[PDB]
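Q: fold the following.
(one chain, ligands or ions: 7)
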Amino acid sequence: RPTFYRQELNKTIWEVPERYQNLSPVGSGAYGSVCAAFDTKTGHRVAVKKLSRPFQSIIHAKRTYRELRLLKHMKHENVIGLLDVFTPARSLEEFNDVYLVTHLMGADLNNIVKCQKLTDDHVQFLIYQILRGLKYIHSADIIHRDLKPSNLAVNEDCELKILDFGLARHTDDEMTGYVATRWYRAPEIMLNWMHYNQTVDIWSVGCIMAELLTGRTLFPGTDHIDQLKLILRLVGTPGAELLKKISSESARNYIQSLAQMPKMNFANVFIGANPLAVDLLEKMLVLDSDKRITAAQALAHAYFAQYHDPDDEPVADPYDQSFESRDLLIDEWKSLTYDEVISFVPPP
Ligand SMILES: CCS(=O)(=O)NCc1ccc2c(c1)OCO2
Ligand SMILES: [Cl-]
Ligand SMILES: [Cl-]
Ligand SMILES: [Cl-]
Ligand SMILES: [Cl-]
Ligand SMILES: [Cl-]
Ligand SMILES: [Mg+2]
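A: Residues are numbered from 1 along each chain as shown. Ligands and ions are numbered 1, 2, ... in the order given. The coordinates are given below.
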């Protein structure tokens with residue numbers, strides 16, 4: 001067991017191992033509080049997150065367990081991983097606080113698409129890395145659910161990591177109106193058309209790639225219905241085959257109320273873009289999620305010929321998510337989480 005020291009930072013007690021020095025507040029959401037620190041064991045600048053009220057309800061205790069299982073599993077160059085997890089508790093009986101440690105992220109994709117000139121070579125390398133990370137995530141039957149520029153960390157050498165997995169967190173208020181939180185979402189999940197799957201993340205990659213090529217948001221809708229009209233004007237209205245797959249009768253009735261529109265010519269929308277970029281966008285931005293290109297298929301597309309290496313695009317170890325259908329008490333979820341904290345083995 002390491003030695004811990006205590007300090008109060010912005011009205012919050014932090015109790016951490018001595019290896020973590022020079023802590024300074026960097027933000028606080030409803031998920032918890034975050035400090036920057038120097039890790040004397042590794043020599044890295046790190047983010048330390050102290051979870052807020054991790055075991056306050058069955059819902060919160062299960063969310064804490066889900067987040068810790070997912071972070072312990074992800075071991076890939078293009079995905080956020082766990083450097084450390086700790087509690088100051090010496091037994092299950094006194095266990096209340098959880099702290100997560102990751103590499104400290106600098107810029108996101110928002111702070112390079114807004115303020116930089118990107119070559120086609122930059123767009124190839126950035127989208128290649130997102131798809132390399134997604135092939136790995138999808139191989140474990142994990143859906144990200146919230147890919148957008150603020151969830152992509154990028155360094156001076158244009159190297160990218162995926163972070164901030166959707167842990168079923170987002171509220172109705174957060175998805176209402178003129179908001180970036182909804183602009184990257186697939187139409188089948190934005191309007192609850194059907195049981196969604198991993199294809200929703202490929203729609204999001206389409207919206208991100210378009211914005212890197214033009215410097216503008218592809219579908220900046222003022223509400224759910226405005227955004228659907230922007231989507232259908234580009235990709236066309238649905239045919240009978242997709243309409244049969246929409247499970248809501250009322251959603252089917254609303255779609256049928258709209259005048260029929262054909263798919264637009266994407267070379268006349270993405271003026272001057274690499275023809276291979278245009279071709280890949282037409283394969284991602286497909287309304288019927290059964291017919292979208294997969295991450296594994298997209299890595300083999302001629303747009304990425306410069307970067308593609310089929311011997312260096314790894315898949316994940318098997319991931320057991322059977323806990324998701326399990327009905328447990330607060331203290332049972334808390335005991336499972338305790339065991340995951342004490343069994344953690346740091347990376348090399
Ligand atoms: C695994 C679900 S997640 O990707 O949403 N976790 C977010 C997170 C945010 C800040 C952090 C952190 C973890 O550890 C230190 O600072
Ligand atoms: Cl220590
Ligand atoms: Cl990492
Ligand atoms: Cl504790
Ligand atoms: Cl964003
Ligand atoms: Cl597993
Ligand atoms: Mg985020």
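Q: all strands of the protein, in order?
A: Counting by DSSP state E, one finds strands in the chain at the ranges 4-9, 12-17, 20-28, 32-39, 45-51, 84-86, 99-103, 107-108, 152-154, 160-162.
Q: so which of the ones you listed comes closest to ligand 2?
A: Proximity to ligand 2, assessed across these by CB to the ion, is greatest for strand 12-17 (3.7 Å). To be clear about C-beta, it is placed using only N, CA and C from the backbone, and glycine gets the same treatment.
Q: residue 57: how many residues sit nearby?
A: The number of residues packed near residue 57 is 11, by other CB atoms under 10 Å.
Q: what does residue 127 give?
A: For residue 127, the number of neighbouring residues by other CB under 10 Å comes to 25.
Q: what's the closest non-adjacent residue to it?
A: With sequence-adjacent residues excluded and distances taken as CB to CB, 6 or more residues apart in numbering, residue 127 is closest to residue 209, at 5.1 Å.
Q: now the residue nearest the centre of the chain: how far from ligand 2?
A: For the chain, the residue lying nearest the average C-alpha position, counting by CA atoms, centre = their mean, turns out to be residue 165 (3.9 Å). Applying CB to the ion, to the nearest Å, one obtains 28 Å for the distance of residue 165 from ligand 2.
Q: verify the stated contact: that residue with residue 146.
A: Yes. Counting by CB atoms under 8 Å, residue 165 does reach residue 146; the two are 7.2 Å apart.
Q: residues near the residue of the chain at minimum distance from ligand 6, how many?
A: Taking CB to the ion as the measure, the point where the chain comes nearest ligand 6 is residue 320, at 3.6 Å. Burial of residue 320 is recorded as 10 neighbouring residues (other CB under 10 Å).
Q: for it, give me its contacts.
A: Contact criterion CB atoms under 8 Å, 6 or more residues apart in numbering gives no residues in contact with residue 320.
Q: show me the contacts for the residue nearest to the centre of the chain.
A: With contact taken as CB under 8 Å, 6+ apart, residue 165 is in contact with 70, 142, 144, 145, 146.
Q: ranking those residues by neighbours, who comes first?
A: Of all these, residue 144 has the most neighbours under the rule other CB under 10 Å, reaching 23 neighbours.
Q: how about that one, nearest residue that isn't a chain neighbour?
A: Sequence neighbours aside, residue 201 is the residue nearest to residue 144 in space, at 4.9 Å (criterion: CB to CB, 6+ apart).
Q: now swap in residue 262 and tell me
A: In space, not counting the residues next to it along the chain, residue 262 is nearest to residue 236; the distance is 5.1 Å by CB to CB, 6+ apart.
Q: list the buried residues for stretch 202-216?
A: 202, 203, 204, 205, 206, 207, 208, 209, 210, 211, 212, 213 (16 or more other CB atoms under 10 Å).
Q: how about the residues of this protein by ligand 5?
A: When proximity is defined by CB under 5 Å from the ion, the chain lies next to ligand 5 at 148, 149, 150, 180.
Q: make it 8 Å
A: With CB under 8 Å from the ion as the criterion, the chain meets ligand 5 at residues 108, 109, 110, 148, 149, 150, 151, 180, 181, 183, 184.
Q: and for the third one, the neighbour number?
A: So that's residue 110. 15.
Q: now swap in the last one and tell me
A: Around residue 184 there are 25 other residues, counting by other CB under 10 Å.
Q: ranges for the helices of the stretch 151-300 of the chain?
A: In order along the chain, the stretch 151-300 of the chain carries the following helices (DSSP state H, counting those that start in this stretch): 180-183, 187-190, 199-214, 224-235, 240-243, 249-256, 266-269, 275-284, 295-299.
Q: how about a markdown table for these, with distance to ligand 1 added?
A: Written out in a markdown table, the entries for the helices of the stretch 151-300 of the chain read as follows (distance: least, CB to the nearest ligand atom, whole Å):
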| stretch | distance to ligand 1 |
| --- | --- |
| helix 180-183 | 14 |
| helix 187-190 | 18 |
| helix 199-214 | 14 |
| helix 224-235 | 24 |
| helix 240-243 | 32 |
| helix 249-256 | 30 |
| helix 266-269 | 33 |
| helix 275-284 | 23 |
| helix 295-299 | 19 |
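Q: just send those helices back as a markdown table, with distance to residue 63 too.
A: Formatted as a markdown table, the helices of the stretch 151-300 of the chain follow (distance: least, CB to CB, whole Å):
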| stretch | distance to residue 63 |
| --- | --- |
| helix 180-183 | 19 |
| helix 187-190 | 20 |
| helix 199-214 | 20 |
| helix 224-235 | 26 |
| helix 240-243 | 34 |
| helix 249-256 | 29 |
| helix 266-269 | 40 |
| helix 275-284 | 31 |
| helix 295-299 | 26 |
